[PDB]
2 protein chains.
Amino acid sequence: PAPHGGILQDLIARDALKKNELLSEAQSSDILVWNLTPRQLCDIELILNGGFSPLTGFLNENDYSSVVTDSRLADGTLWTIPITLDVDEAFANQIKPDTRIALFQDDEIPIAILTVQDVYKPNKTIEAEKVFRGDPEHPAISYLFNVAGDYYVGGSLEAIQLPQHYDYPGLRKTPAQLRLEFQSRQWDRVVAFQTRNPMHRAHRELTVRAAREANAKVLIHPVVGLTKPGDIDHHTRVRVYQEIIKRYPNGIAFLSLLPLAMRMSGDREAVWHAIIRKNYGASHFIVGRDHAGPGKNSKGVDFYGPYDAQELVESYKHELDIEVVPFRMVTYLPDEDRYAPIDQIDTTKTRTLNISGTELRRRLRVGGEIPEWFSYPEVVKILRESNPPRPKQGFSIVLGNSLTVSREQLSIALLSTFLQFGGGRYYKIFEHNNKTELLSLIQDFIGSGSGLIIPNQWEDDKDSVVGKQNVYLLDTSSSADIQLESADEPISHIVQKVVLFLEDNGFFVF
Amino acid sequence: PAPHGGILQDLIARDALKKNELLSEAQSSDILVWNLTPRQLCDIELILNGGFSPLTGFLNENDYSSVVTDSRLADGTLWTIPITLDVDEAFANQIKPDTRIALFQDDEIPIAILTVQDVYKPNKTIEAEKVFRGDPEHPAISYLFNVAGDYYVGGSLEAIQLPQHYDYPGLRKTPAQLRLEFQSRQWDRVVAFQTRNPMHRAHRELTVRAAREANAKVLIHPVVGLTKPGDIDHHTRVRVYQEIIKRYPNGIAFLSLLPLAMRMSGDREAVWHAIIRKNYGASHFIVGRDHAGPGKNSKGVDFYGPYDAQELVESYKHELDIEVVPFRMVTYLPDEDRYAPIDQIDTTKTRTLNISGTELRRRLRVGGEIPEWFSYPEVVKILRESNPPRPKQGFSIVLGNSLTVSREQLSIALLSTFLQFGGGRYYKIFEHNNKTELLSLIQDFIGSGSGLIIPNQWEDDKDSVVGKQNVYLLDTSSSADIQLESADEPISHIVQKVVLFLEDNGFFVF
Ligand SMILES: [Ca+2]
Ligand SMILES: [Ca+2]
Ligand SMILES: [Ca+2]
Ligand SMILES: [Ca+2]
Ligand SMILES: [Ca+2]
Ligand SMILES: [Ca+2]
Ligand SMILES: [Mg+2]
Ligand SMILES: [Mg+2]
Ligand code: NA
Ligand code: NA
Ligand code: NA
Ligand code: NA
Ligand code: NA
Ligand code: NA
């Protein structure tokens, strides 16, 4: 269907003949520069390539306010997620309306020139409540307060070039490009599938049934910008998509990556996804259970109800101009060797099997088997590689502050001991000297599968620098992972405690 | 580089706003229609999509003659293979210059309107000698005399649509389309690889080295129109390409299909391939040993010298405007587990292994093993499927005219006997009654793996209707595949002769 607002605002194409001129202005000595944050790069790419039609810049306060309370742009155009350029006070003060500023990437690549319409300090409590529902634990609110700038700069954009990406150049289709790809194949009915996760047999099955019921071709449009915190990296995920797309019948599916920065804003985001896919050329879209929802908070309560998304999108059905296909999740029937829509089988009368994310995570952590009815083997092989089991995981042993035995000798004892065991893990007694440049290397070593022995703890005002994954404290204190019987426990006893701890946790296997 | 002649003659785009008008004219009652032959569909698709720039129609006699003797269009543009619309006398007579005729596909799909410039009867002996070197066994000369019409119609083309194809819609990129695909990936150095065969490890290796030496991305551009007689079907081949393209390092290669009708015209064709790839957007091209050559004739003599192609292309180097990368064939070194350029190793000092086409064919016929150093397993699996070994091959036993035993009983005996054996082959006593509609089904059954028992021979004026592959004559005559001791040999003896013959030939395995 036609782009939201009727026109594809592909600013790259619009400004093609001003590229040199704009590029030269961006590189002028007198122009004020702003370095785009990683989320802003995600947003500006979608504005510049028309992914966010009718947007043609970051929202000024007039539009922003309507989006916050009315879920629309001041002109009444449905638009549920505010896209603004958040800056700090120091920069906001240097700019006034009509000021033209340059937006760079990595402090070296000019992306666009923004003509300032306004500068304002939004009430983040209202946005937090109105747009994201108010739970301080909602990733969007966390970002809203802890990362986002306190001042929004609204203004019209002029394009120099889209944010630079060196990976998957072939798959990052812009709206215009994707539309031409469909057009060259004569596809005029396309159902799009959103995801920020690996795809298993069930996803393959459900998307194909969608294709069959909507009489449409399939578009697997995964998000590769910012997704939920803790999600699997997009490189791993792209590898999985590239693998699963080969499992569809020839000529029925197309894989294209979307550099979107999700807010995990549930029902509002679901609407936004529909609009965005319409701009990219899809005729149909599937909205899932708790679509774009971040789940439950600490108190175990739902950030959104499982059907809020589908209900909200349905309420805007008459103006979305993109058909929404009903979400029919499928489950595996052992006794019939097939998948079937969950709404068609009687739980208490028919056998069904499925592997929850929690269980999948466990199996991967212990190197256990994962059945082909759940996920294709080539897909599982990829997941095991990016997330190796414990015998292949790195780790660190931190000699606590309470230790009175010789740190130099205990570290040497641990090294010599670990080195006896096989498995190929690399070991290092690592001294950081409380230097940040060294502390930041700890998780890289662990990520590399290495075993580090750290002679002493770093200062508390440095915790933030070190990731806590697979990092274990050896100390007399109660908060120690490997508790010492006493501060002067004999080195050989300590060594045993560590070895058996690592064994119990799967790092060593004999 | 720029299209040959400087302009991409994409007539589909040129005539976009006349499509309805032209379509309506093509469907008029008074317009004279011509049904395009399968080769003409191959040629018109390349003319219409700019693949043959600067051509904009089929060659008139003025241009055709220059191509025949001068290897150029009358304007002096390098062009080595004549592309003409060959028709029979009955049609040629109905047309005069300025006559507008419609060119259809399958007698139902209008492709273009041709404005006749001239009608002429070419001297096919000169073309045969000058363009194709004169050997009556050259596939182009065979076609030239036995299939091609005796009258050439020269004229300008106007596009309605490209020849319809329902398979691989995604991979059939036109010149403009491919150029945009390279442009979107920022590829400006692309080396193209021509082929009408399956690709094995050696081809993968040599194309990647080409990429490394030319500092270019790779374009695997296989021909899927008409290639050499006896070649493997393009469906099988496309399956292989789609498989091998996955073996290149990510982002280095692109697969696009070329609907060219090869003439197997060696050095002239090599030049033509360079021009064509330049039009499709390649900056580089590899010309191989005996490139586009059909091999040797009956007397075992070479249709072309192995380096005629490379030498001819090199002589036109200063006007081709596309770099030709030297052809460095590679061979496998067992002792080093690697492939290396054949021009770098000493045959008598270093071990090298390779599997000729003949040997590959044998292994496939007997279901023998084919090593991974030769071809990737997923590629070999595909070849085995399209070309199954003898235990999975169909066949036919024809009861010769010399037989005096009861044909009804011998056929029944053979059936009952074959049915004892396992293997899943399907059997049928097939009566054709000398009817063409039934005879043409024989190879379909054999192609399906079936075993047919044919009670009597068909008339000689029908031989042509039946393919001779895996068809065996049971007769007393000397020209019989399974020779009877006598015309009245006992049925049980005959049955044994047939069973043991089929066993010796691998159809049955116990
Ligand atoms: Ca703040
Ligand atoms: Ca719930
Ligand atoms: Ca003590
Ligand atoms: Ca003739
Ligand atoms: Ca030779
Ligand atoms: Ca007798
Ligand atoms: Mg980009
Ligand atoms: Mg076509
Ligand atoms: Na519409
Ligand atoms: Na999913
Ligand atoms: Na609710
Ligand atoms: Na040039
Ligand atoms: Na080849
Ligand atoms: Na020669």
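Numbering of chain B is taken from Swiss-Prot, so the residues present carry the numbers 2-511, in order.
So how was this one determined? The header says X-ray crystallography, 2.5 Å.
Just so it is clear, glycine is given a Cβ too, placed from its N, Cα and C backbone atoms.
For B:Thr196 (active site), the same-chain residues 6+ apart in sequence whose C-beta sits under 8 angstroms from its C-beta are B:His204, B:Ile221, B:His222, B:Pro223, B:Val224. Residues annotated as active site in Swiss-Prot, with sequence analysis given as evidence: B:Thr196 (among others).
Per Swiss-Prot, active site is recorded for B:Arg197 (among others), and the stated evidence type is sequence analysis. DSSP assigns B:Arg197 (active site) to coil, not to a helix or a strand. Taking Cβ-Cβ distances under 8 Å and a sequence gap of 6 or more within the same chain, the neighbours of B:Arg197 (active site) are B:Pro223, B:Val224, B:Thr228, B:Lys229, B:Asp232, B:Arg238, B:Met263.
If you look up Swiss-Prot, you'll see B:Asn198 (among others) marked as active site, on the strength of sequence analysis.
What Swiss-Prot lists as sulfate binding site is B:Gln195, B:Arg197, B:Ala293, and the listing cites experimental evidence.
When Cβ atoms from all protein chains are considered, those within 10 Å of B:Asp291 (ATP binding site) total 20, not counting its own. The ATP binding site feature in Swiss-Prot is assigned to B:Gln195, B:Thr196, B:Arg197, B:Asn198, B:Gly289, B:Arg290, B:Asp291, B:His292, B:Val331.
Taken from Swiss-Prot, the feature region 'Catalytic' covers B:168-393, and the record attributes it to sequence analysis.
Annotation comment: Swiss-Prot describes B:394-511 as region 'Required for oligomerization'. The region 'Required for oligomerization' (B:394-511): residue composition by secondary structure is 42 helix, 19 strand, 57 coil, according to DSSP.
Cβ neighbour count for B:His201 (site 'Transition state stabilizer'): 21 (other Cβ atoms within 10 Å of its Cβ, all protein chains included). The site 'Transition state stabilizer' annotation in Swiss-Prot covers B:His201 (among others).
Feature annotation from Swiss-Prot assigns site 'Transition state stabilizer' to B:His204 (among others); the stated evidence is sequence analysis.
The feature site 'Induces change in substrate recognition on ATP binding' is assigned by Swiss-Prot to B:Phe328. A 10 Å cutoff on Cβ-Cβ distances gives B:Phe328 (site 'Induces change in substrate recognition on ATP binding') a total of 16 other Cβ atoms nearby, all chains included. Under the three-state DSSP scheme, B:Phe328 (site 'Induces change in substrate recognition on ATP binding') falls in the coil class.
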CB contacts for B:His204 (site 'Transition state stabilizer') [other CB atoms within 10 A, all chains]: 18
In sequence order, the recorded positions (B:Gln195, B:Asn198, B:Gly289, B:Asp291, B:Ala293) whose C-alpha falls within 10 A of B:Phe328 (site 'Induces change in substrate recognition on ATP binding'): B:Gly289
B:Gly289 (ATP binding site) CB neighbourhood, other CB atoms within 10 A: 17
C-alpha spacing of B:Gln195 (sulfate binding site) relative to B:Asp291 (ATP binding site), in angstrom: 13
Nearest-integer angstrom distance between the alpha carbons (Cα) of B:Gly289 (ATP binding site) and B:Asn198 (active site): 13
Neighbour tally for B:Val331 (ATP binding site), based on other Cβ positions within 10 Å of its Cβ: 23
B:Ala293 (sulfate binding site) versus B:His201 (site 'Transition state stabilizer') - Cα distance in angstrom: 18
CB contacts for B:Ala293 (sulfate binding site) [other CB atoms within 10 A, all chains]: 25
Listed recorded positions (B:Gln195, B:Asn198), ranked by Cβ neighbours within 10 Å, top entry: B:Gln195
